[PDB]
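What follows is the content of input04.txt, which has compact mmCIF, C-alpha atoms and all ligand atoms:
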```txt
# COMPACT_ATOMS: atom_id res chain seq x y z
CA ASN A 4 -64.48 -125.01 -166.51
CA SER A 5 -64.94 -123.64 -162.96
CA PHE A 6 -61.63 -121.88 -162.31
CA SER A 7 -61.21 -120.27 -158.89
CA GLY A 8 -58.35 -118.41 -157.23
CA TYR A 9 -56.70 -117.08 -160.41
CA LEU A 10 -54.97 -113.72 -160.75
CA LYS A 11 -55.93 -111.83 -163.90
CA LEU A 12 -52.85 -110.88 -165.93
CA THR A 13 -54.57 -109.80 -169.17
CA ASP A 14 -58.02 -109.94 -170.73
CA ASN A 15 -57.50 -113.64 -171.53
CA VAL A 16 -54.57 -114.88 -169.37
CA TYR A 17 -54.96 -115.89 -165.71
CA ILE A 18 -52.46 -117.46 -163.32
CA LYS A 19 -52.50 -119.42 -160.08
CA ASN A 20 -49.88 -120.98 -157.80
CA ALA A 21 -51.08 -124.59 -157.96
CA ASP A 22 -50.30 -128.10 -159.15
CA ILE A 23 -51.88 -128.48 -162.59
CA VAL A 24 -53.02 -132.01 -161.60
CA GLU A 25 -54.93 -130.70 -158.60
CA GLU A 26 -56.48 -127.96 -160.72
CA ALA A 27 -57.59 -130.54 -163.30
CA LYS A 28 -59.27 -132.64 -160.60
CA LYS A 29 -61.10 -129.63 -159.11
CA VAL A 30 -62.16 -127.95 -162.35
CA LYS A 31 -62.57 -130.91 -164.72
CA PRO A 32 -61.74 -128.62 -167.66
CA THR A 33 -62.57 -129.21 -171.28
CA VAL A 34 -58.85 -129.10 -172.14
CA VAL A 35 -55.72 -129.61 -170.05
CA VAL A 36 -52.41 -128.83 -171.77
CA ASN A 37 -49.40 -131.13 -171.44
CA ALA A 38 -45.84 -129.81 -171.93
CA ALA A 39 -44.67 -132.74 -174.04
CA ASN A 40 -41.74 -133.96 -176.08
CA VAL A 41 -42.14 -135.08 -179.68
CA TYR A 42 -42.40 -138.78 -178.73
CA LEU A 43 -44.97 -138.21 -175.94
CA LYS A 44 -42.71 -139.98 -173.44
CA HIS A 45 -44.01 -138.36 -170.29
CA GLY A 46 -41.11 -137.34 -168.04
CA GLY A 47 -40.34 -135.50 -164.86
CA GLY A 48 -42.44 -132.35 -165.21
CA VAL A 49 -46.12 -131.73 -165.90
CA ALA A 50 -46.26 -134.70 -168.30
CA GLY A 51 -45.38 -137.33 -165.71
CA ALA A 52 -47.65 -135.75 -163.09
CA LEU A 53 -50.61 -135.82 -165.49
CA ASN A 54 -49.77 -139.38 -166.56
CA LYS A 55 -49.46 -140.64 -162.97
CA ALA A 56 -52.86 -139.13 -162.17
CA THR A 57 -54.36 -141.13 -165.09
CA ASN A 58 -52.74 -144.30 -163.65
CA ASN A 59 -50.62 -144.55 -166.82
CA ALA A 60 -53.61 -144.49 -169.21
CA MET A 61 -52.14 -141.36 -170.82
CA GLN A 62 -48.79 -143.01 -171.59
CA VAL A 63 -50.43 -146.12 -173.08
CA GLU A 64 -52.60 -143.95 -175.31
CA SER A 65 -49.58 -141.79 -176.22
CA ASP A 66 -47.48 -144.82 -177.18
CA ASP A 67 -50.24 -146.04 -179.51
CA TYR A 68 -50.59 -142.60 -181.10
CA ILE A 69 -46.84 -142.41 -181.78
CA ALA A 70 -46.64 -145.93 -183.23
CA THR A 71 -49.26 -144.90 -185.80
CA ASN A 72 -48.39 -141.27 -186.51
CA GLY A 73 -44.71 -140.94 -185.63
CA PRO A 74 -43.28 -138.09 -183.58
CA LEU A 75 -44.76 -134.63 -183.41
CA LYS A 76 -42.88 -131.62 -184.74
CA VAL A 77 -41.37 -129.13 -182.33
CA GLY A 78 -43.98 -126.42 -181.95
CA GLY A 79 -46.73 -128.91 -182.85
CA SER A 80 -49.52 -130.59 -180.92
CA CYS A 81 -52.08 -133.37 -180.88
CA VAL A 82 -55.39 -133.80 -179.05
CA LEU A 83 -55.77 -137.03 -177.11
CA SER A 84 -58.06 -138.12 -174.28
CA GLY A 85 -58.05 -136.22 -171.02
CA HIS A 86 -58.96 -139.49 -169.23
CA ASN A 87 -60.10 -138.69 -165.65
CA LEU A 88 -58.56 -135.19 -165.64
CA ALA A 89 -60.25 -133.37 -168.54
CA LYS A 90 -62.31 -134.02 -171.64
CA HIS A 91 -59.19 -133.60 -173.81
CA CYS A 92 -55.45 -133.38 -173.29
CA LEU A 93 -53.67 -131.05 -175.72
CA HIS A 94 -50.09 -132.34 -175.92
CA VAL A 95 -47.94 -129.38 -177.02
CA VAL A 96 -44.20 -129.56 -177.75
CA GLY A 97 -42.25 -126.45 -176.83
CA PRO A 98 -38.63 -126.16 -177.93
CA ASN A 99 -36.04 -127.99 -175.86
CA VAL A 100 -33.63 -125.09 -175.47
CA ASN A 101 -31.29 -127.25 -173.37
CA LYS A 102 -30.79 -129.45 -176.45
CA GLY A 103 -30.27 -126.55 -178.86
CA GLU A 104 -33.77 -126.16 -180.31
CA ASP A 105 -34.83 -122.69 -181.45
CA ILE A 106 -36.58 -120.69 -178.72
CA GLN A 107 -38.49 -118.94 -181.51
CA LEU A 108 -40.56 -122.13 -181.85
CA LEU A 109 -42.21 -121.27 -178.52
CA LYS A 110 -44.54 -118.95 -180.47
CA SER A 111 -45.70 -121.79 -182.73
CA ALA A 112 -46.14 -123.96 -179.63
CA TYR A 113 -48.47 -121.47 -177.93
CA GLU A 114 -50.40 -120.91 -181.17
CA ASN A 115 -51.83 -124.40 -180.63
CA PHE A 116 -53.73 -122.98 -177.63
CA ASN A 117 -55.85 -120.86 -179.97
CA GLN A 118 -57.77 -123.92 -181.24
CA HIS A 119 -59.57 -124.17 -177.88
CA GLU A 120 -61.81 -121.57 -176.25
CA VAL A 121 -60.57 -122.27 -172.70
CA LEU A 122 -57.55 -124.23 -171.44
CA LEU A 123 -55.84 -125.19 -168.20
CA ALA A 124 -52.16 -125.04 -169.06
CA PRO A 125 -48.56 -124.89 -167.81
CA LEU A 126 -45.76 -122.57 -168.95
CA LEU A 127 -44.32 -124.38 -171.97
CA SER A 128 -40.56 -125.14 -172.13
CA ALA A 129 -40.00 -123.35 -168.79
CA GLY A 130 -38.93 -126.40 -166.81
CA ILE A 131 -37.05 -129.43 -168.09
CA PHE A 132 -36.73 -127.80 -171.54
CA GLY A 133 -34.76 -124.89 -170.07
CA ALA A 134 -36.48 -121.76 -171.41
CA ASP A 135 -36.66 -118.59 -169.36
CA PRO A 136 -40.03 -118.83 -167.52
CA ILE A 137 -40.51 -115.05 -167.68
CA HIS A 138 -40.04 -115.26 -171.44
CA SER A 139 -42.45 -118.19 -171.78
CA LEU A 140 -45.13 -116.16 -169.97
CA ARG A 141 -44.52 -113.21 -172.32
CA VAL A 142 -44.87 -115.40 -175.40
CA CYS A 143 -48.07 -116.89 -173.96
CA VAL A 144 -49.55 -113.44 -173.30
CA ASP A 145 -48.56 -112.18 -176.77
CA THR A 146 -49.61 -115.29 -178.73
CA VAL A 147 -52.70 -116.83 -177.12
CA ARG A 148 -56.05 -115.12 -177.67
CA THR A 149 -58.32 -117.74 -176.11
CA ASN A 150 -58.80 -118.04 -172.35
CA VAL A 151 -55.80 -119.66 -170.68
CA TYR A 152 -55.61 -120.53 -166.98
CA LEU A 153 -51.95 -121.05 -166.11
CA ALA A 154 -50.99 -123.28 -163.19
CA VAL A 155 -47.48 -122.78 -161.79
CA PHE A 156 -46.57 -125.16 -158.99
CA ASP A 157 -43.33 -123.57 -157.71
CA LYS A 158 -44.24 -120.62 -155.45
CA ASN A 159 -40.82 -119.00 -155.96
CA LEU A 160 -41.32 -119.02 -159.73
CA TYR A 161 -44.95 -117.87 -159.40
CA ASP A 162 -43.97 -114.87 -157.28
CA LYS A 163 -41.22 -113.92 -159.75
CA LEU A 164 -43.59 -114.22 -162.72
CA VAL A 165 -46.26 -112.05 -161.09
CA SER A 166 -43.71 -109.48 -159.90
CA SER A 167 -41.98 -108.99 -163.26
CA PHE A 168 -45.27 -109.03 -165.17
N1 LIG B 1 -47.31 -130.35 -161.52
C1 LIG B 1 -47.04 -129.13 -161.99
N2 LIG B 1 -48.04 -128.21 -161.99
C2 LIG B 1 -47.78 -126.99 -162.48
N3 LIG B 1 -46.66 -126.52 -163.03
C3 LIG B 1 -45.71 -127.47 -163.03
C4 LIG B 1 -45.81 -128.76 -162.55
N4 LIG B 1 -44.60 -129.43 -162.74
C5 LIG B 1 -43.82 -128.56 -163.33
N5 LIG B 1 -44.43 -127.34 -163.51
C6 LIG B 1 -43.95 -126.15 -164.19
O1 LIG B 1 -44.45 -126.24 -165.50
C7 LIG B 1 -43.55 -125.57 -166.42
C8 LIG B 1 -43.21 -126.52 -167.54
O2 LIG B 1 -42.21 -127.44 -167.06
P1 LIG B 1 -42.08 -128.94 -167.63
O3 LIG B 1 -43.28 -129.72 -167.25
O4 LIG B 1 -40.74 -129.47 -167.23
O5 LIG B 1 -42.12 -128.71 -169.21
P2 LIG B 1 -41.06 -128.35 -170.35
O6 LIG B 1 -40.06 -127.40 -169.80
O7 LIG B 1 -41.80 -127.99 -171.59
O8 LIG B 1 -40.31 -129.75 -170.53
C9 LIG B 1 -40.93 -130.82 -171.29
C10 LIG B 1 -40.23 -132.11 -170.96
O9 LIG B 1 -40.47 -132.39 -169.56
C11 LIG B 1 -41.03 -133.69 -169.43
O10 LIG B 1 -41.92 -133.74 -168.38
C12 LIG B 1 -41.70 -133.96 -170.79
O11 LIG B 1 -41.95 -135.31 -171.08
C13 LIG B 1 -40.71 -133.33 -171.76
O12 LIG B 1 -39.62 -134.20 -172.05
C14 LIG B 1 -42.38 -125.07 -165.56
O13 LIG B 1 -42.60 -123.71 -165.20
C15 LIG B 1 -42.45 -125.97 -164.33
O14 LIG B 1 -41.89 -125.40 -163.17
```

Please re-express this file's structure in structure tokens.
Amino acid sequence: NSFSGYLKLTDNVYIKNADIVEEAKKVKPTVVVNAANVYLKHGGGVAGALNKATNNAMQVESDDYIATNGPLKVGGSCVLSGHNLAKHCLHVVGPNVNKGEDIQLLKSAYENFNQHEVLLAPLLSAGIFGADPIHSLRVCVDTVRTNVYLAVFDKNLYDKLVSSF
């Protein structure tokens, strides 16, 4: 967990303008967080970038998990292998606001972070799921008490997050 280049937002929340995949390769963290859907079908955001960097090992593992356990609940999580990127991957499902799911479930989603002392993580629901990224950062800051290192790839979004925080 050797995190460098992060801006301190609060006592336990840090942020960097970086690709979460490149951070995982540099830091080799204990836990990397995936912004997942309930079926762990890894799509066009963080999930697909993580999966591609595991040369699809993550998706094969995820498919087997889902065949046994069924879908996650919105706001829920599961711990699977981090493969070559981390010791563990915490797959967390934020609400899909674009499909009408309750934004209030973003609190429950971030509560999953508290089971791990330190995490490399993205802003949940703030991309393909359509939540306000500024709001997602606020919920993270208010909800997570363990040490979270947030990686935000889009510099325009990063600058707006830091400015309004
Ligand atoms: N490689 C990346 N590194 C860092 N941040 C990233 C990266 N790619 C996207 N982001 C940012 O991470 C945040 C989360 O975006 P998404 O990954 O799209 O996550 P979410 O909004 O929760 O959507 C989940 C959905 O997207 C699919 O990838 C996934 O399978 C699920 O269906 C957003 O702020 C987005 O700009």

Report, as JSON, the centre and edge lengths in Å (one decimal) of the axis-aligned box enclosing every listed atom of ligand LIG 1 (chain B), padded by 8 Å on each side.
```
{"center_x": -43.8, "center_y": -129.5, "center_z": -166.8, "size_x": 24.4, "size_y": 27.6, "size_z": 26.5}
```

In terms of the shortest atom-to-atom distance over all atoms listed in the file, which of A:154, A:144, A:95, A:83 is closest to ligand LIG 1 (chain B)?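 Looking at the shortest contact to ligand LIG 1 (chain B), the residue is A:154.
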
Which residues of chain A sit at most 8 Å from ligand LIG 1 (chain B), using only C-alpha atoms and all ligand atoms? Give each one's shortest atom pair and distance in Å (one decimal place), in chain and ascending residue order, as JSON lines.
```
{"residue": "A:20", "atom": "CA", "partner": "B:LIG1", "partner_atom": "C2", "distance": 7.9}
{"residue": "A:21", "atom": "CA", "partner": "B:LIG1", "partner_atom": "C2", "distance": 6.1}
{"residue": "A:22", "atom": "CA", "partner": "B:LIG1", "partner_atom": "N2", "distance": 3.6}
{"residue": "A:23", "atom": "CA", "partner": "B:LIG1", "partner_atom": "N2", "distance": 3.9}
{"residue": "A:24", "atom": "CA", "partner": "B:LIG1", "partner_atom": "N1", "distance": 5.9}
{"residue": "A:37", "atom": "CA", "partner": "B:LIG1", "partner_atom": "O3", "distance": 7.5}
{"residue": "A:38", "atom": "CA", "partner": "B:LIG1", "partner_atom": "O7", "distance": 4.4}
{"residue": "A:39", "atom": "CA", "partner": "B:LIG1", "partner_atom": "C12", "distance": 4.6}
{"residue": "A:40", "atom": "CA", "partner": "B:LIG1", "partner_atom": "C13", "distance": 4.5}
{"residue": "A:43", "atom": "CA", "partner": "B:LIG1", "partner_atom": "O11", "distance": 6.4}
{"residue": "A:44", "atom": "CA", "partner": "B:LIG1", "partner_atom": "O11", "distance": 5.3}
{"residue": "A:45", "atom": "CA", "partner": "B:LIG1", "partner_atom": "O11", "distance": 3.8}
{"residue": "A:46", "atom": "CA", "partner": "B:LIG1", "partner_atom": "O10", "distance": 3.7}
{"residue": "A:47", "atom": "CA", "partner": "B:LIG1", "partner_atom": "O10", "distance": 4.2}
{"residue": "A:48", "atom": "CA", "partner": "B:LIG1", "partner_atom": "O3", "distance": 3.4}
{"residue": "A:49", "atom": "CA", "partner": "B:LIG1", "partner_atom": "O3", "distance": 3.7}
{"residue": "A:50", "atom": "CA", "partner": "B:LIG1", "partner_atom": "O10", "distance": 4.4}
{"residue": "A:51", "atom": "CA", "partner": "B:LIG1", "partner_atom": "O10", "distance": 5.7}
{"residue": "A:52", "atom": "CA", "partner": "B:LIG1", "partner_atom": "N1", "distance": 5.6}
{"residue": "A:53", "atom": "CA", "partner": "B:LIG1", "partner_atom": "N1", "distance": 7.5}
{"residue": "A:96", "atom": "CA", "partner": "B:LIG1", "partner_atom": "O7", "distance": 6.8}
{"residue": "A:97", "atom": "CA", "partner": "B:LIG1", "partner_atom": "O7", "distance": 5.5}
{"residue": "A:98", "atom": "CA", "partner": "B:LIG1", "partner_atom": "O7", "distance": 7.3}
{"residue": "A:99", "atom": "CA", "partner": "B:LIG1", "partner_atom": "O8", "distance": 7.1}
{"residue": "A:125", "atom": "CA", "partner": "B:LIG1", "partner_atom": "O1", "distance": 4.9}
{"residue": "A:126", "atom": "CA", "partner": "B:LIG1", "partner_atom": "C7", "distance": 4.5}
{"residue": "A:127", "atom": "CA", "partner": "B:LIG1", "partner_atom": "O7", "distance": 4.4}
{"residue": "A:128", "atom": "CA", "partner": "B:LIG1", "partner_atom": "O7", "distance": 3.2}
{"residue": "A:129", "atom": "CA", "partner": "B:LIG1", "partner_atom": "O6", "distance": 4.2}
{"residue": "A:130", "atom": "CA", "partner": "B:LIG1", "partner_atom": "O6", "distance": 3.3}
{"residue": "A:131", "atom": "CA", "partner": "B:LIG1", "partner_atom": "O4", "distance": 3.8}
{"residue": "A:132", "atom": "CA", "partner": "B:LIG1", "partner_atom": "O6", "distance": 3.8}
{"residue": "A:133", "atom": "CA", "partner": "B:LIG1", "partner_atom": "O6", "distance": 5.9}
{"residue": "A:134", "atom": "CA", "partner": "B:LIG1", "partner_atom": "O6", "distance": 6.9}
{"residue": "A:136", "atom": "CA", "partner": "B:LIG1", "partner_atom": "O13", "distance": 6.0}
{"residue": "A:154", "atom": "CA", "partner": "B:LIG1", "partner_atom": "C2", "distance": 5.0}
{"residue": "A:155", "atom": "CA", "partner": "B:LIG1", "partner_atom": "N3", "distance": 4.0}
{"residue": "A:156", "atom": "CA", "partner": "B:LIG1", "partner_atom": "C2", "distance": 4.1}
{"residue": "A:157", "atom": "CA", "partner": "B:LIG1", "partner_atom": "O14", "distance": 5.9}
{"residue": "A:160", "atom": "CA", "partner": "B:LIG1", "partner_atom": "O14", "distance": 7.3}
```

Selection: 10 Å around residue 28 of chain A, only C-alpha atoms, excl. self and same-chain fewer than 6 positions, as an mmCIF file with C-alpha atoms, in the coordinates of the input:
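Output contents, as saved in around.cif:
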```
data_model
loop_
_atom_site.group_PDB
_atom_site.id
_atom_site.type_symbol
_atom_site.label_atom_id
_atom_site.label_comp_id
_atom_site.auth_asym_id
_atom_site.auth_seq_id
_atom_site.Cartn_x
_atom_site.Cartn_y
_atom_site.Cartn_z
ATOM 1 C CA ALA A 56 -52.860 -139.130 -162.170
ATOM 2 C CA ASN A 87 -60.100 -138.690 -165.650
ATOM 3 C CA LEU A 88 -58.560 -135.190 -165.640
ATOM 4 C CA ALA A 89 -60.250 -133.370 -168.540
#
```

In terms of all atoms listed in the file, the residue from A:109, A:137, A:34, A:75 at minimal distance from residue 90 of chain A is A:34

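Separating atom CA of residue 93 of chain A from atom CA of residue 108 of chain A is a distance of 17.0 Å.
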
Separation of atom CA of residue 152 of chain A and atom CA of residue 41 of chain A, in Å?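 That distance, rounded to one decimal, is 23.5 Å.
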
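Distance check against residue 27 of chain A using only C-alpha atoms: of A:143, A:81, A:63, A:123, the minimum falls on A:123.
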